[PDB]
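J.: Below is a structure I'd like to ask you about.
Protein chains in written order, with the authors' numbering: chain D, 92 to 141; chain A, 92 to 141.
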């Protein structure tokens, strides 16, 4: 007796996901960090001088 | 209209934590991987030859 349905849904938290483009950028970054490189940043609104 | 108490507890999931020793190993591994090194493994029960 005391038998339960072990296949009943147990996830009360909705499905979440990071964007694949962010995931690809994350994997690309990890590849270059593992080779000794670093991550630089820059503003989106740029001067014409640069 | 009456406002709510914005400081009421909202975290219904208990507090979790990774072990500090595991996190220190993660930071140590990240430090050497950022220099080009890699991570090698080995069983804990070893032969006396090795």
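Built from N, CA and C at the ideal position, the CB exists for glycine as well.
List the residues of chain A that residue 114 (chain D) touches, going by C-beta distances under 8 Å, in chain order.
T.: Residues of chain A passing the Cβ test: none, with the nearest at roughly 19 Å.
J.: Give a yes or no on whether 7 Å exceeds the smallest Cβ distance from residue 127 (chain A) to chain D.
T.: So, interface residue.
J.: Any idea what DSSP makes of residue 113 (chain D), helix, strand or coil?
T.: Residue state, collapsed to three classes: helix.
J.: Taking the C-alpha atoms as reference points, what is the distance between residue 125 (chain A) and residue 117 (chain D)?
T.: For residue 125 (chain A) and residue 117 (chain D), the distance between alpha carbons rounds to 15 Å.
J.: Using a cut-off of 8 Å between C-beta atoms, extract the partners of residue 158 (chain A) located in chain D.
T.: Look at the range of chain A in this structure, 92 to 141, and you will see that residue 158 (chain A) is not part of it.
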